[PDB]
Amino acid sequence: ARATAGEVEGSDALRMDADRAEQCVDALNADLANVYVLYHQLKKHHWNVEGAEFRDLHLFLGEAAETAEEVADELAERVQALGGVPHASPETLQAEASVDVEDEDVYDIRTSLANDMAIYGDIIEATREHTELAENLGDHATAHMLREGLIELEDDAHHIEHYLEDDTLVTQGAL
Amino acid sequence: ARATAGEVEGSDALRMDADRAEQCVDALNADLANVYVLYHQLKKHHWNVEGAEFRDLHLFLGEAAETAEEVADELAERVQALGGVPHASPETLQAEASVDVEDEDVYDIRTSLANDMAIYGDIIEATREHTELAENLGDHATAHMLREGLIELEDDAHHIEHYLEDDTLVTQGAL
Amino acid sequence: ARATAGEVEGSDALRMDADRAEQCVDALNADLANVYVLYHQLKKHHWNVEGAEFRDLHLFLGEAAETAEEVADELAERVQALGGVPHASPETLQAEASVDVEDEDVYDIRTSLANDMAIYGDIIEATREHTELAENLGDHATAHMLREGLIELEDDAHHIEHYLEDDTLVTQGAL
Amino acid sequence: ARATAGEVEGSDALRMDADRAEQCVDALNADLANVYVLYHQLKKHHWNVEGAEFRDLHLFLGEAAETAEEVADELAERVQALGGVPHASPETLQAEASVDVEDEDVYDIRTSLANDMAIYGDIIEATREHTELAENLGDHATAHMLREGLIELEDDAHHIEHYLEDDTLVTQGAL
Amino acid sequence: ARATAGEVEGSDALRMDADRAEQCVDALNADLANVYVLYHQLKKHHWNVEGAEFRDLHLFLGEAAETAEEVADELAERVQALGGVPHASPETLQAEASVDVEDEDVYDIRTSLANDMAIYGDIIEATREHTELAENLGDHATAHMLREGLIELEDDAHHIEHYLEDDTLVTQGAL
Amino acid sequence: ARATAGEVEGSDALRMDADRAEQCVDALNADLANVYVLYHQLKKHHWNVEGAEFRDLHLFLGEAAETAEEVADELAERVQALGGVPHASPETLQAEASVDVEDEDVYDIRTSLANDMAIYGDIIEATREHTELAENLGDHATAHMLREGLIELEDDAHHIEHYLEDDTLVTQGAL
Amino acid sequence: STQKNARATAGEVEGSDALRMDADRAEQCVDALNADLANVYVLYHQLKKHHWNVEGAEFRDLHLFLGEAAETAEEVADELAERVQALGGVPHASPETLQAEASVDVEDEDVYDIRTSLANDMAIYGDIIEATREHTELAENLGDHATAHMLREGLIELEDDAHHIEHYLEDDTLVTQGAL
Amino acid sequence: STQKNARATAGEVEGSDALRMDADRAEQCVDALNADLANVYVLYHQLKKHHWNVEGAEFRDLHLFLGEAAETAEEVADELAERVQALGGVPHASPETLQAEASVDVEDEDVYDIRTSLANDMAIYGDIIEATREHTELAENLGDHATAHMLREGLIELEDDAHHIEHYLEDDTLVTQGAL
Amino acid sequence: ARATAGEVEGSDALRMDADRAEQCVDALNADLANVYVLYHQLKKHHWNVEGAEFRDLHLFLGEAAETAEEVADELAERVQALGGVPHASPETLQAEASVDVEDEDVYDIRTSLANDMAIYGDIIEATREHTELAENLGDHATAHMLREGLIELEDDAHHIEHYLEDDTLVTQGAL
Amino acid sequence: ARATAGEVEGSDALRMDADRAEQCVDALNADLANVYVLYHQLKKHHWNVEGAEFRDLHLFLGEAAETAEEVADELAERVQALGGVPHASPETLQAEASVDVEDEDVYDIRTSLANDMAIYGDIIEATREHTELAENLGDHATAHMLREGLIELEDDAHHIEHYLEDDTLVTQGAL
Amino acid sequence: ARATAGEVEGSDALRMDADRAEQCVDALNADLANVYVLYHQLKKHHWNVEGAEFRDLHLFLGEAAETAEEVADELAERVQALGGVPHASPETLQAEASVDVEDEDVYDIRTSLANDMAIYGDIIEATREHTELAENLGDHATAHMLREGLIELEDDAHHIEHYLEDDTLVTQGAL
Ligand SMILES: [Fe+3]
Ligand SMILES: [Fe+3]
Ligand SMILES: [Fe+3]
Ligand SMILES: [Fe+3]
Ligand SMILES: [Fe+3]
Ligand SMILES: [Fe+3]
Ligand SMILES: [Fe+3]
Ligand SMILES: [Fe+3]
Ligand SMILES: [Fe+3]
Ligand SMILES: [Fe+3]
Ligand SMILES: [Fe+3]
Ligand SMILES: [Fe+3]
Ligand SMILES: [Fe+3]
Ligand SMILES: [Fe+3]
Ligand SMILES: [Fe+3]
Ligand SMILES: [Mg+2]
Ligand SMILES: [Mg+2]
Ligand SMILES: [Mg+2]
Ligand SMILES: [Mg+2]
Ligand SMILES: [Mg+2]
Ligand SMILES: [Mg+2]
Ligand SMILES: [Mg+2]
Ligand SMILES: [Mg+2]
Ligand SMILES: [Mg+2]
Ligand SMILES: [Mg+2]
Ligand SMILES: [Mg+2]
Ligand code: NA
Ligand code: NA
Ligand code: NA
């Protein structure tokens, strides 16, 4: 074994002591778990979405998943850079995630999207707290990275909010 | 002051006398004002569109705005090339525009789109008259430029017409 | 006249005797006729689609048509490579096609899509039989090409199936 | 039936009344039919061309077909934009076409090319009349679009004319 | 009316309550108004710039305008994301702007540039205050977005400062 | 619930009855589970790899993960296309996977790589059986897709085999 | 054994643990793949030869076609060679070995007119085409679907070029006695 | 005064009217930025040195990494220098000035083995990394959010490369005594 | 006048005295005149080429002309860099050219090509002498530039030689 | 036969007499033979390289082979341009090559690389002599081309030299 | 130490003995020192340039610096390839440079540019001598590389010469 899960050694290269590093790592690993479950659920909805606006949603969800996957990669690599061990196995990621995950059945798109929006909100609030924690610790690179990811997550969260809004070009007439 | 608003000196480089130039400039500046209000309203709807088909409309409207902005740039620069002064300030553009502009409230997408379609029609009819005026004046470059813009405007006007058509994949069943 | 419609001479370059070649050509030409009518009907729906989700469908249908056109080109060229004569004129293509083609009236998008889905299924089933026929004849290049096209056709057929599914973001409320 | 073949309703979006629109639509649909038969014959020659200069002709014809297909798409969409119904089925396109189409046999390249050149000329002369008709009707976007297509068609028609010219690098000696 | 100008509902998706959201929205809308007047004035100078270094300035100003337009789009969309209504009409934008706008006459380039530099400074100082306001409110995505825009605006403001500096390659001799 | 996990309805669009479809779906879902655990373990090694050749391995592993992720997407979408429900949650994927997954500790690169190579072999052997199963069922598109993925997986499996081979440029002297 | 200099001996096939391919099955594919490799590389070199030497009224188009044909042949050879290596075998490498192991006929060092040159190449393609068809079946039968798939992917590109040459040699032309 | 030849004197900071930054506040950022610039440019030159000289079993990958690291360091320096200039200051320019003003240690002109070379560079990164963190706070405190943001943008790229070097120096390898 | 035709002042920037510079300039201007007549004749043949292989020749000649135009630009700019005055007007270029130019009639392609090949040979031999003259003068940049152009010119000269060779795919049979 | 191996006719197009041409051709053909054996051996090592740094070497060797293949193409075409016959068959190339070629067994990477480095040195020294021979003959295009290739060959030769140097990041500890 | 500054071992790979190699290395290292001081001074002027034409000069100087940096990289790597040690530290580079470097004050653009032009001339003359030295030593790759760099340096040197010429579009009137 080269490293033990749960341990945080910090980094000499990045001049980050283990105490300070572990504070960021704990926050980052928690985010990582949630972001990866989000990724998998976005993939699920991407694969299963059907209906009148399925292709646009399919494409949106695919892009949302890609973004979530990139954020997770950033998070995981920052955890590793800070001398920590990023959650890796699917089982570990879900167990460590605090957000709710749909069961294996497929729900209609409005329900599916609403579930995803709930996951985003949770991650969004957490990321805001984590960027402050990082800035407070003087880890400006982590803080900056978190904000860079936060803006992409909020964009997708906002997109879902608009998909669920009570407007449409459809009329009873065209119906 | 280098040039006075309302004045048209023509161009020696383009061999266009002030009399003939002013005829085109008057037409071009009128179009410019309408095209820029269109641009701003398309931006408005682009920003605010919500609902089941919001992302596709968001993207369409963004592209429509970009097109409107490019047409305005063409118009403004042609006015300047002909020795005239293109309407510049937001206040001047709206005051000089003849099309109707929504008030600051946000309306549902069908209403919003319908308002935009009305603006396009006005600009479309005007541009047709202006291309003839230009050809008649022997200003073939202006005439050509107007047609180049006309085709892009009509494409977007047509798109909105189709968005508002009484058809949909939606059924009472899926509802 | 350089070649007579209906004749299959095989190919010395491809070491394919006329007997074996004609078996593939008969299958390929039948597919070609159906694929080209599909192409034209997809173009029709691409041009005419209107409504709340018309732009996304317009784009999808345009891409579906392009794919159908490329498959036909592949089919036609393989027929020619095997010493045969690919169906060419519009009249010949339709007459040789076994799938149903809408009359010249324009139907609502759900009806239009459903008609196209029926054409895909027919072509899909036929292509599956033709790839086996080709493999059995030892014409692995034709077999491979058919599968390459089959996967693109099935993707579009699947897309239409999802467009017609009983789900939507629309609610009676937004309506 | 959402729309009936032969009917032209004009467009409110494009401020084009049905009377004026129908004049353009009749012209556009006639061109569409001819352009699509041209497309299919160009495809035929593209597939079948053989001989000393076949690869260059194969590529040229492929490009000529793509151009013809884009012109047809433009024509068809303009017809639809003007409230009309573009000819769609292969059978309808050929029946509505006024140009001559080769029978299903394959002819030598000089004969093939000559037949295509005849189709181009017909379309070229018609398009010139149609652009005037459109300008006269004040439909400058249609007029402009026709000229844009006319220039591409004339380029390919000219190419064929040069391919058939009485010159060559070949000498009796190299023969 | 789907939304009323001046109202801010916050966002459930982004877990941003209306109280906090309105604080950011008020700041963002003020910036939007100023950024859009800047955009229009930059366009004005872009169109009208003449003289020995006009082409380089024309290109610079065009790029400055594009940047201002993208910043405005960011601002407007963030306002919308936070449940607010972004200023849209030209008239509203100018009325809501606090920066000074040139009258419709065209001034020499040094005067024009100096006026623009004054607009930038105002926006720059405001954006700095607004990023702090956002960070204080814990809206790190807005804060980050503001800084991203601030750096681009300061770059262009700096460019103008250098264009106006008292140095040149010109000598009395070359004169 | 729009669809229940474990159910397979086949597809009318793809002319695939539920009986035949379920046979492919069972195979595809099993592969999906294994491919996604592979993806996550490849990501793990990508993040954690250290040492003399870490950067090249980091890049290789990143690419291997991306490939595994695309294969999973293909598999999942084919399952969905065939009327089935692709395993989605991290917990479900791992539970349904038959390959071994490392515990959360980080091992040296040779051990890590060896574990991954074992996962590839399992997936490789399974995919070979599944392509035959698909061809036998006459589902040539699934068969083809499996082979397309098989070749990419075997390439990466082979890469790992070479990374572990007993050769190196290193000498006791340079040591 | 532990002391041979060679890391691998030409002719040996060890299969692959990574690809779960035993030496017995692997050697069957390797024998087929190496034979194809030899022929494909001689084809590559002859296509290069004709690419370099083609002259006349339609030389530039042929020059470009032949260059592309050579590139394709080179890529197919690379695929074949790497698959051989992946299956635990040793791909024919030296020019001398490639030609010796090739079964197709190669022109002598003189330069022939383009019709003759092209005809010779078409003969090489046919040989490779027929062999590749047999080899894809052999691979599918052995359950080596990745090799089978790769062979078909290459087969389609080779047949396209073989077909092109066939058309270049067809009895048609825009030339007339008049233009002559 | 009106007659000095120099357009600007090294060490002076006039702030900026365009950026609404007074000289007092500007000079605080400029002092920080110029110090970073000096260190970043010596880093750049040492990374170039190692890029040029790296040899051995993994030299090509290191050559490419070091080249990219140098490019990144050069871009950061350009950003720093231009921000200094934007704030009315004079960025250190000459090679002699840059090194003299740098606080990090620079290798002498001899070439050392890659592990030693890399270790020296890692030490330079840490120094710059710690300094940049302090400087971003200084800038935020001064309300110069554009400088603060720019510093973080550069900090993340520098930390990435510092981290890469750390991994290159880690005690792991695919090499075994057997392959040796 | 800013500079007088025929005068060569050398360059202080390039440390090239007028004496040495004038030797290169005389050589470069002679080449420039010939290269530009070549350019214009290549354009002529590009425009006029007809026959069985016209399209390939049209494209080749177009590329040959572009190459000749770039070489002339290089030559002219080097002349200017060395303090000289490059021949500019069409009349001056032809008068200063030593190669033969066809009269205004259009000749068959073999004759046209043969004339061009003669021009290339002349330029090729001259360029070889000029590169030696430059190297001897120690003007290695001019020498290098000449060789860079020489290789492109020889490539095109060689192409024409091959177009004129006594070989063809054509047979009396296909004839 | 159109041309006999061993004969050199020079070129009228390139103004190169057979006497002078044959001197360059003899040099070029010798280089061609060596460069192509190098190409094939680089391919061999590219295919077979295994071990801790195999992927980087695999990629390097692939690129080295591509470079060698391009140099051979240049050489062969220059030989043909000068009226000669480039060595073509694999058998001829190896027989005409003076460098040593490994037997068909696969050696460890250090041995393989060392063998390649020996081939490069031979080609490098020869190319230096050949560029002088060409310059002396006044064939500056051949001379220039040789140097262009020489620089790429020396770069790869140098790369191999560095791969074989006595340094590594590996330590007895990591071992 | 792995290598000692000042030592030149030549290269076995490149068949370059230490004696001959050291002659090139001494020349190359001298050029490297000058080119890097040039690079840094070009950067200085790039950063500091202000005034009426600053943006164009800013861009030019940036490009000039990039070019100087690439030339230095080439030089340094060639030194290393020949078994030498390229000057590395800023202090060493300046100490080893023979060109004059401005003190740390910022001068007006004309003065700055004139200083740079002086540096170019020095490097230009030196590079000419060094290419001859290399050719004489039979090191054609170094010779070729030097000329490739010489042409880019002379282009920039020439650009500065033109920036300083006594011409301008400015008139006393516009002033
Ligand atoms: Fe990553
Ligand atoms: Fe503009
Ligand atoms: Fe085709
Ligand atoms: Fe279309
Ligand atoms: Fe146009
Ligand atoms: Fe937007
Ligand atoms: Fe950023
Ligand atoms: Fe997907
Ligand atoms: Fe494929
Ligand atoms: Fe390869
Ligand atoms: Fe810069
Ligand atoms: Fe130029
Ligand atoms: Fe070059
Ligand atoms: Fe070639
Ligand atoms: Fe480098
Ligand atoms: Mg670590
Ligand atoms: Mg003007
Ligand atoms: Mg045929
Ligand atoms: Mg309609
Ligand atoms: Mg909203
Ligand atoms: Mg300044
Ligand atoms: Mg479904
Ligand atoms: Mg192996
Ligand atoms: Mg001059
Ligand atoms: Mg020849
Ligand atoms: Mg060395
Ligand atoms: Na909808
Ligand atoms: Na011909
Ligand atoms: Na290693």
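Numbering of chain G is taken from Swiss-Prot, so the residues present carry the numbers 2-181, in order.
For this deposited structure, the header notes the method as X-ray crystallography, 1.9 Å.
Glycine is treated like the rest: Cβ placed from N, Cα and C.
For G:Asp79 (Fe cation 1 binding site), applying a Cβ distance below 8 Å and a minimum sequence separation of six or more within one chain yields no residues. When secondary structure is read from DSSP and collapsed to three states, G:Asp79 (Fe cation 1 binding site) falls in the helix class. Under the heading Fe cation 1 binding site, Swiss-Prot lists G:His52, G:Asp79, G:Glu83, citing experimental evidence as support.
Taken from Swiss-Prot, the feature site 'Involved in iron translocation' applies to G:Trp53 (among others). All chains included, 23 other C-beta atoms sit within 10 angstroms of the C-beta of G:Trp53 (site 'Involved in iron translocation').
Spatially close to G:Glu56 (site 'Involved in iron translocation') yet at least six residues away along the chain are G:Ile115, judged by Cβ distances under 8 angstroms. In this structure, G:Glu56 (site 'Involved in iron translocation') belongs to neither helix nor strand by DSSP; it is coil. According to Swiss-Prot, the site 'Involved in iron translocation' annotation covers G:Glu56 (among others).
Positions annotated as site 'Involved in iron nucleation' by Swiss-Prot: G:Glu75 (among others). In the structure as shown, the Cβ atom of G:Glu75 (site 'Involved in iron nucleation') sits within 10 Å of 22 other Cβ atoms.
Per Swiss-Prot, Fe cation 2 binding site is recorded for G:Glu83, and the stated evidence type is sequence analysis. All protein chains considered, the CB of G:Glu83 (Fe cation 1 binding site) has 21 other CB atoms within 10 Å.
Taking a C-beta cut-off of under 8 Å and a sequence gap of six or more, G:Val85 (site 'Involved in iron translocation') has these contacts in its own chain: G:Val31, G:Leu34, G:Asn35, G:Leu38, G:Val91, G:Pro92. Secondary structure at G:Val85 (site 'Involved in iron translocation'), as computed by DSSP, is helix. Under the heading site 'Involved in iron translocation', Swiss-Prot lists G:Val85 (among others).
What Swiss-Prot lists as site 'Involved in iron translocation' is G:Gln86 (among others).
According to Swiss-Prot, the feature site 'Involved in iron nucleation' maps to G:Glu154 (among others). Shown in sequence order, G:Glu80 are the residues of the chain, 6+ apart in sequence, with a C-beta less than 8 angstroms from the C-beta of G:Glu154 (site 'Involved in iron nucleation'). In the three-state DSSP assignment, the secondary structure recorded for G:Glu154 (site 'Involved in iron nucleation') is helix.
Annotated site 'Involved in iron translocation' per Swiss-Prot: G:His164 (among others), in sequence order. For the recorded site, G:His164 (site 'Involved in iron translocation'), the DSSP three-state label reads helix. In sequence order, the list of same-chain residues 6 or more apart from G:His164 (site 'Involved in iron translocation') whose Cβ falls under 8 Å from its Cβ is empty.
Just so you know, the Cβ of G:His168 (site 'Involved in iron translocation') picks up 20 other Cβ atoms within 10 Å once every protein chain is counted. Here Swiss-Prot flags G:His168 (among others) as site 'Involved in iron translocation'.
With a cut-off of 8 Å between CB atoms and residues at least 6 apart in sequence, the same chain places nothing near G:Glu171 (site 'Involved in iron translocation'). Here Swiss-Prot flags G:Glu171 (among others) as site 'Involved in iron translocation'.
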May I ask which of the recorded positions G:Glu75, G:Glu83, G:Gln86, G:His168 is closest to G:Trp53 (site 'Involved in iron translocation') if we compare their C-alpha atoms?
G:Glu75
Distance, G:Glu75 (site 'Involved in iron nucleation') to G:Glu83 (Fe cation 1 binding site) (CA atoms, angstrom):
12
By CA distance, which of the recorded positions (G:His52, G:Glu75, G:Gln86) lies nearest to G:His168 (site 'Involved in iron translocation')?
G:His52
Fill in the CA-CA distance, G:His52 (Fe cation 1 binding site) to G:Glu75 (site 'Involved in iron nucleation'), as an integer in Å.
14
For G:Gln86 (site 'Involved in iron translocation'), which residues of its chain lie six or more apart in sequence with Cβ-Cβ distance below 8 Å?
G:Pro92
Taking the Cβ of G:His52 (Fe cation 1 binding site) as the centre, count every other Cβ atom within 10 Å, in any protein chain shown.
22
Using DSSP reduced to three states, classify G:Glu171 (site 'Involved in iron translocation') as helix, strand or coil.
coil
Interface-adjacent recorded sites, chosen from G:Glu75, G:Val85, G:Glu154, G:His164, G:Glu171 when a CB lies under 8 A of chain C:
G:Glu154, G:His164
Recorded positions near chain J, Cβ-Cβ under 8 Å, from G:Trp53, G:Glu83, G:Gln86, G:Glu154, G:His168, G:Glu171:
G:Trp53, G:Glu83, G:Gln86
